[PDB]
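A quick write-up on the structure given underneath.
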Amino acid sequence: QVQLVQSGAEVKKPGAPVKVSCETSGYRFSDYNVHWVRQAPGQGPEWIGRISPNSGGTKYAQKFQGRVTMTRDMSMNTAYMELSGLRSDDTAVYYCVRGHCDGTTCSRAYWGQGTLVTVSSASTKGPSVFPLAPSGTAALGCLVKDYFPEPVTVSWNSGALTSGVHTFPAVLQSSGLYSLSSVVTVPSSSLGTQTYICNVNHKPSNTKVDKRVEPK
Amino acid sequence: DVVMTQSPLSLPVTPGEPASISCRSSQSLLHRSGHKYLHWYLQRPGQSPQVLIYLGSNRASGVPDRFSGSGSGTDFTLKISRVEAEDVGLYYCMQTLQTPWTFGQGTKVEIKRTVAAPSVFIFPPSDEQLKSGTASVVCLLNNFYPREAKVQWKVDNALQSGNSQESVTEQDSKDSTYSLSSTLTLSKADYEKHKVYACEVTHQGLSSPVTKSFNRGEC
């Protein structure tokens with residue numbers, strides 16, 4: 001099976017470089033170009049460039065000339081993208097993409113899962129988790145406050161509770177830290193009997209919290 | 001370079017109805033191959049975009065035959081024969097005839113359902129947060145349609161302007177509603193100075209605005 005898997009999320013200060021890897025399996029690495037594409041918040045996708053594995057030859061979009069270096073290691077079937085002089089608007093999800101054609105025939109592309117690169121003066125910080133307490137139908141939730149960078153994941157009752165859950169997009173507070181809420185509606189008849197726990201995970205700070213939410 | 005021109009930007013459709021998205025290229029995307037190098041994707045936050053149609057008209061495995069692609073040379077269409085609630089999302093065409101690869105503006109498929117009034121909930125700051133020295137008051141607008149809604153915060157009848165942040169979910173893939181969270185931020189000192197906290201909600205489904213409120217510290 002064709003597989004392209006990228007390195008994990010990155011957080012950088014302005015001016016720093018970032019290097020993202022794209023490890024492949026399940027196909028002849030030398031037969032296809034590897035492209036890199038990014039998508040920034042509120043922007044359309046952008047092609048960054050490509051490398052041809054067999055020759056090492058590179059081609060970059062004008063915008064990234066002198067900023068980006070694409071490489072590859074044949075023995076590892078892996079492509080790399082290094083972007084230097086990062087600015088705030090380099091904040092984006094970056095993708096590697098196996099090209100459509102092998103020089104003889106063409107078919108679909110195969111994409112990596114994406115790598116979030118956050119560029120910011122802010123420093124990594126874990127969230128505080130606060131209950132949004134209830135008291136027919138009741139709403140309850142968790143406030144996940146003052147963390148950096150994105151993302152956090154939130155589940156309810158270790159994934160057993162999904163119906164009626166809404167985890168909202170984070171807002172970037174004026175202090176450079178994020179805040180979000182996750183809510184769920186439940187029967188009031190169950191309050192004080194059925195336990196409701198929000199499972200919060202902020203991997204960048206290695207913060208995992210299971211918070212019970214109880215009526216006031 | 002190749003310009004890709006996608007239309008419409010927003011596509012509201014009643015479930016059950018067909019839909020069509022157009023994509024125009026500035027030059028033909030044909031025969032350096034046999035193929036038309038035009039592909040259609042569904043954006044999927046958190047993972048790879050989903051290939052729907054590739055090389056003009058080839059439907060990827062797993063994609064419902066409700067979806068189809070056609071076109072020749074410079075004008076292409078992605079067609080959905082019968083739109084379902086789960087089809088909500090952001091769709092792109094893109095060309096790979098040449099590098100740089102280039103992309104359409106994107107089309108947001110929106111499901112047009114009947115009007116649904118929001119169910120409004122208000123949450124005081126938790127004692128836990130207050131002990132930490134901050135106060136967030138949260139107002140929840142649940143399962144409404146259409147998306148347009150106004151939230152106004154009042155603190156002892158003083159209109160709050162600029163002290164709140166809100167965010168909205170994507171359209172629900174089953175019932176096609178939205179939900180919204182608004183957070184009013186105050187210092188604990190300021191929270192303790194006041195009594196009546198009120199979230200006033202304006203929406204098409206409400207004859208008049210609905211206010212949910214609480215009095216600080218009263219069970």
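Residues are referred to by chain and number: the chain letter is A, B, ... according to the order shown in the structure tokens, the number counts from 1 in that chain, and ligands are numbered separately from 1 in the order shown.
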
- Surrounding residues of residue 20 of chain A excluding itself and chain neighbours under 6 positions, 7 Å, only C-alpha atoms, as a ChimeraX atom specification: /A:6-7,80-82

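Shell of residue 190 of chain A at 10 Å, with only C-alpha atoms counted and residues fewer than 3 places along the chain excluded, is residues 136, 137, 138, 186, 187, 193, 194, 195 and 196 of chain A.
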
Go ahead and write the selection's residues with N, CA, C and O atoms as a JSON list (two decimals), in the first residue's frame.
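For reference, again.json as written:
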[["chain", "number", "residue", "atom", "x", "y", "z"],
["A", 136, "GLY", "N", -35.16, 18.88, 32.10],
["A", 136, "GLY", "CA", -35.24, 18.07, 30.89],
["A", 136, "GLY", "C", -33.91, 17.80, 30.21],
["A", 136, "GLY", "O", -33.34, 16.71, 30.33],
["A", 137, "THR", "N", -33.42, 18.78, 29.47],
["A", 137, "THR", "CA", -32.10, 18.67, 28.85],
["A", 137, "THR", "C", -31.16, 19.68, 29.50],
["A", 137, "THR", "O", -31.56, 20.81, 29.77],
["A", 138, "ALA", "N", -29.93, 19.25, 29.76],
["A", 138, "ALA", "CA", -28.91, 20.11, 30.37],
["A", 138, "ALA", "C", -27.70, 20.22, 29.46],
["A", 138, "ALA", "O", -27.36, 19.27, 28.77],
["A", 186, "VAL", "N", -27.04, 16.75, 27.71],
["A", 186, "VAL", "CA", -27.34, 15.46, 28.31],
["A", 186, "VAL", "C", -28.69, 15.54, 29.02],
["A", 186, "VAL", "O", -29.20, 16.63, 29.26],
["A", 187, "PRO", "N", -29.30, 14.38, 29.33],
["A", 187, "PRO", "CA", -30.55, 14.43, 30.09],
["A", 187, "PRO", "C", -30.32, 14.90, 31.52],
["A", 187, "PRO", "O", -29.42, 14.40, 32.17],
["A", 193, "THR", "N", -25.76, 11.20, 38.59],
["A", 193, "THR", "CA", -25.80, 9.75, 38.50],
["A", 193, "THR", "C", -24.79, 9.28, 37.45],
["A", 193, "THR", "O", -23.83, 8.58, 37.77],
["A", 194, "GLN", "N", -25.00, 9.68, 36.19],
["A", 194, "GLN", "CA", -24.02, 9.41, 35.13],
["A", 194, "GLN", "C", -22.85, 10.38, 35.24],
["A", 194, "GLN", "O", -23.04, 11.60, 35.29],
["A", 195, "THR", "N", -21.63, 9.84, 35.28],
["A", 195, "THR", "CA", -20.45, 10.71, 35.31],
["A", 195, "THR", "C", -20.11, 11.26, 33.92],
["A", 195, "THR", "O", -20.18, 10.57, 32.90],
["A", 196, "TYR", "N", -19.74, 12.54, 33.90],
["A", 196, "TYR", "CA", -19.36, 13.20, 32.67],
["A", 196, "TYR", "C", -17.95, 13.73, 32.82],
["A", 196, "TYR", "O", -17.69, 14.60, 33.65]]

Residues of chain B within 7 Å of chain A, only C-alpha atoms counted, as a PyMOL selection string
chain B and resi 47-48+54+100-103+105+121+123+126+128-129+167-169

How would the residues just chosen look if you wrote them out with C-alpha atoms as a PDB file, in the first residue's frame?
ATOM      1  CA  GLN B  47      -5.569  14.942   7.535  1.00  0.00           C
ATOM      2  CA  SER B  48      -4.959  14.656   3.797  1.00  0.00           C
ATOM      3  CA  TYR B  54      -8.785  12.596 -10.564  1.00  0.00           C
ATOM      4  CA  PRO B 100       3.434  25.249 -10.121  1.00  0.00           C
ATOM      5  CA  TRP B 101       0.331  23.288  -9.329  1.00  0.00           C
ATOM      6  CA  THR B 102      -2.523  25.779  -8.958  1.00  0.00           C
ATOM      7  CA  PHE B 103      -5.905  25.677  -7.239  1.00  0.00           C
ATOM      8  CA  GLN B 105     -10.719  29.421  -4.827  1.00  0.00           C
ATOM      9  CA  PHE B 121     -27.431  28.166  27.773  1.00  0.00           C
ATOM     10  CA  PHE B 123     -22.476  29.276  32.315  1.00  0.00           C
ATOM     11  CA  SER B 126     -16.473  28.027  37.734  1.00  0.00           C
ATOM     12  CA  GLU B 128     -12.138  26.678  40.148  1.00  0.00           C
ATOM     13  CA  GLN B 129     -11.446  29.412  37.603  1.00  0.00           C
ATOM     14  CA  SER B 167     -16.549  30.856  17.480  1.00  0.00           C
ATOM     15  CA  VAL B 168     -18.876  28.685  15.478  1.00  0.00           C
ATOM     16  CA  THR B 169     -18.857  25.025  14.529  1.00  0.00           C
TER      17      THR B 169
END

Subject >> Who sits within 7 Å of segment 139-141 of chain B, only C-alpha atoms, same chain under 4 positions skipped, as number ranges by chain >> reply: B: 118-123, 179-183, 199

Exercise for review: Please give the complete set of residues from chain A that DSSP, run on the backbone, assigns to helix (DSSP H, G or I), formatted as number ranges by chain.
Suggested key: A: 29-31, 62-64, 74-76, 88-90, 157-159, 188-190, 203-205

Limited to N, CA and C atoms, could you put the picked residues into a file as a PDB file, in the first residue's frame?
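out.pdb, written as the output of this step:
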ATOM      1  N   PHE A  29      10.253   4.511  -4.898  1.00  0.00           N
ATOM      2  CA  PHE A  29      10.499   5.910  -4.569  1.00  0.00           C
ATOM      3  C   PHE A  29      11.087   6.702  -5.736  1.00  0.00           C
ATOM      4  N   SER A  30      11.954   6.068  -6.517  1.00  0.00           N
ATOM      5  CA  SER A  30      12.638   6.780  -7.587  1.00  0.00           C
ATOM      6  C   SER A  30      11.740   7.088  -8.789  1.00  0.00           C
ATOM      7  N   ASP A  31      10.539   6.514  -8.817  1.00  0.00           N
ATOM      8  CA  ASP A  31       9.676   6.637  -9.994  1.00  0.00           C
ATOM      9  C   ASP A  31       8.767   7.864  -9.997  1.00  0.00           C
ATOM     10  N   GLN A  62       8.407  30.778  -7.363  1.00  0.00           N
ATOM     11  CA  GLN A  62       9.172  32.026  -7.236  1.00  0.00           C
ATOM     12  C   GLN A  62       9.184  32.565  -5.809  1.00  0.00           C
ATOM     13  N   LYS A  63       8.033  32.479  -5.145  1.00  0.00           N
ATOM     14  CA  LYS A  63       7.851  32.975  -3.784  1.00  0.00           C
ATOM     15  C   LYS A  63       8.820  32.337  -2.791  1.00  0.00           C
ATOM     16  N   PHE A  64       9.229  31.106  -3.073  1.00  0.00           N
ATOM     17  CA  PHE A  64      10.085  30.366  -2.154  1.00  0.00           C
ATOM     18  C   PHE A  64      11.535  30.203  -2.616  1.00  0.00           C
ATOM     19  N   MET A  74      17.644   8.498  -0.939  1.00  0.00           N
ATOM     20  CA  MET A  74      17.169   7.312  -1.631  1.00  0.00           C
ATOM     21  C   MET A  74      17.189   6.062  -0.754  1.00  0.00           C
ATOM     22  N   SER A  75      18.218   5.913   0.079  1.00  0.00           N
ATOM     23  CA  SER A  75      18.332   4.711   0.892  1.00  0.00           C
ATOM     24  C   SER A  75      17.205   4.637   1.924  1.00  0.00           C
ATOM     25  N   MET A  76      16.591   5.780   2.222  1.00  0.00           N
ATOM     26  CA  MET A  76      15.538   5.842   3.231  1.00  0.00           C
ATOM     27  C   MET A  76      14.162   6.103   2.626  1.00  0.00           C
ATOM     28  N   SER A  88       5.418  35.038  10.462  1.00  0.00           N
ATOM     29  CA  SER A  88       4.101  34.710  10.989  1.00  0.00           C
ATOM     30  C   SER A  88       3.188  34.112   9.929  1.00  0.00           C
ATOM     31  N   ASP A  89       3.282  34.617   8.699  1.00  0.00           N
ATOM     32  CA  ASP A  89       2.420  34.113   7.627  1.00  0.00           C
ATOM     33  C   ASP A  89       2.957  32.838   6.969  1.00  0.00           C
ATOM     34  N   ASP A  90       4.011  32.265   7.542  1.00  0.00           N
ATOM     35  CA  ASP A  90       4.408  30.915   7.172  1.00  0.00           C
ATOM     36  C   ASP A  90       3.687  29.885   8.034  1.00  0.00           C
ATOM     37  N   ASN A 157     -16.093  11.191  28.144  1.00  0.00           N
ATOM     38  CA  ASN A 157     -16.189   9.836  28.693  1.00  0.00           C
ATOM     39  C   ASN A 157     -15.341   8.837  27.906  1.00  0.00           C
ATOM     40  N   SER A 158     -14.097   9.242  27.655  1.00  0.00           N
ATOM     41  CA  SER A 158     -13.116   8.459  26.919  1.00  0.00           C
ATOM     42  C   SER A 158     -13.598   7.988  25.557  1.00  0.00           C
ATOM     43  N   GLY A 159     -14.435   8.792  24.915  1.00  0.00           N
ATOM     44  CA  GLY A 159     -14.907   8.482  23.578  1.00  0.00           C
ATOM     45  C   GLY A 159     -16.250   7.782  23.556  1.00  0.00           C
ATOM     46  N   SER A 188     -31.131  15.845  32.006  1.00  0.00           N
ATOM     47  CA  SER A 188     -30.968  16.326  33.381  1.00  0.00           C
ATOM     48  C   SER A 188     -31.198  15.225  34.401  1.00  0.00           C
ATOM     49  N   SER A 189     -32.023  14.246  34.035  1.00  0.00           N
ATOM     50  CA  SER A 189     -32.320  13.112  34.907  1.00  0.00           C
ATOM     51  C   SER A 189     -31.068  12.326  35.274  1.00  0.00           C
ATOM     52  N   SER A 190     -30.012  12.494  34.477  1.00  0.00           N
ATOM     53  CA  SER A 190     -28.768  11.748  34.648  1.00  0.00           C
ATOM     54  C   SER A 190     -27.734  12.498  35.477  1.00  0.00           C
ATOM     55  N   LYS A 203      -0.756  17.703  23.468  1.00  0.00           N
ATOM     56  CA  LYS A 203       0.514  17.006  23.313  1.00  0.00           C
ATOM     57  C   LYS A 203       1.758  17.911  23.276  1.00  0.00           C
ATOM     58  N   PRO A 204       1.673  19.110  22.657  1.00  0.00           N
ATOM     59  CA  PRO A 204       2.866  19.967  22.671  1.00  0.00           C
ATOM     60  C   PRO A 204       3.459  20.237  24.060  1.00  0.00           C
ATOM     61  N   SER A 205       2.617  20.322  25.083  1.00  0.00           N
ATOM     62  CA  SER A 205       3.095  20.517  26.448  1.00  0.00           C
ATOM     63  C   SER A 205       3.048  19.219  27.241  1.00  0.00           C
TER      64      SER A 205
END

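Closest approach to residue 5 of chain B from the set B:196, B:184, B:55, B:94 is made by B:94, with distances taken over only C-alpha atoms.
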
>> Give me the residues near segment 16-19 of chain B as a ChimeraX atom specification, where near means some atom within 9 Å (using only C-alpha atoms) and where sequence neighbours in that chain fewer than 6 positions away do not count.
In response: /B:78-85,109

Identify, on the basis of only C-alpha atoms, every residue whose closest approach to residue 200 of chain B does not exceed 10 Å; exclude the query and any residue fewer than 5 positions from it along the same chain; express the result as a PDB file with C-alpha atoms, in the first residue's frame.
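Output saved as part_17.pdb:
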ATOM      1  CA  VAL B 120     -29.409  29.098  24.653  1.00  0.00           C
ATOM      2  CA  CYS B 139     -22.943  31.622  26.392  1.00  0.00           C
ATOM      3  CA  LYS B 150     -26.095  38.096  17.105  1.00  0.00           C
ATOM      4  CA  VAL B 151     -24.939  37.713  20.700  1.00  0.00           C
ATOM      5  CA  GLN B 152     -24.995  40.732  23.010  1.00  0.00           C
ATOM      6  CA  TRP B 153     -23.553  40.647  26.517  1.00  0.00           C
ATOM      7  CA  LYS B 154     -24.964  42.758  29.341  1.00  0.00           C
ATOM      8  CA  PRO B 209     -34.347  38.300  21.166  1.00  0.00           C
ATOM      9  CA  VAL B 210     -33.963  35.721  23.915  1.00  0.00           C
ATOM     10  CA  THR B 211     -32.080  36.618  27.083  1.00  0.00           C
ATOM     11  CA  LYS B 212     -30.524  33.992  29.337  1.00  0.00           C
ATOM     12  CA  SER B 213     -29.162  35.361  32.564  1.00  0.00           C
TER      13      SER B 213
END

- prompt: If we count only C-alpha atoms, what is near residue 192 of chain B at a cut-off of 10 Å, once residues fewer than 6 positions away on the same chain are taken out, given as a ChimeraX atom specification?
  reply: /B:130,135,186,216-217

If you keep N, CA, C and O atoms, can you produce a file of those selected residues as a PDB file, in the first residue's frame?
ATOM      1  N   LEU B 130     -12.380  30.978  39.225  1.00  0.00           N
ATOM      2  CA  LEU B 130     -12.345  32.153  40.097  1.00  0.00           C
ATOM      3  C   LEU B 130     -11.210  32.092  41.100  1.00  0.00           C
ATOM      4  O   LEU B 130     -10.594  33.112  41.414  1.00  0.00           O
ATOM      5  N   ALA B 135     -12.176  35.218  35.297  1.00  0.00           N
ATOM      6  CA  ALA B 135     -13.593  34.931  35.174  1.00  0.00           C
ATOM      7  C   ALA B 135     -13.980  34.907  33.708  1.00  0.00           C
ATOM      8  O   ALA B 135     -13.814  35.905  33.000  1.00  0.00           O
ATOM      9  N   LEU B 186     -13.681  38.771  31.968  1.00  0.00           N
ATOM     10  CA  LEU B 186     -13.510  39.824  32.984  1.00  0.00           C
ATOM     11  C   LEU B 186     -12.496  39.430  34.039  1.00  0.00           C
ATOM     12  O   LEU B 186     -12.261  38.254  34.276  1.00  0.00           O
ATOM     13  N   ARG B 216     -25.102  36.418  39.975  1.00  0.00           N
ATOM     14  CA  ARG B 216     -23.867  35.879  40.529  1.00  0.00           C
ATOM     15  C   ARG B 216     -24.050  35.239  41.906  1.00  0.00           C
ATOM     16  O   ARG B 216     -24.606  35.842  42.821  1.00  0.00           O
ATOM     17  N   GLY B 217     -23.592  33.999  42.023  1.00  0.00           N
ATOM     18  CA  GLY B 217     -23.486  33.332  43.304  1.00  0.00           C
ATOM     19  C   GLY B 217     -24.794  32.887  43.917  1.00  0.00           C
ATOM     20  O   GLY B 217     -24.858  32.655  45.119  1.00  0.00           O
TER      21      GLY B 217
END

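Atom CA of residue 148 of chain B sits 22.2 Å away from atom CA of residue 91 of chain B.
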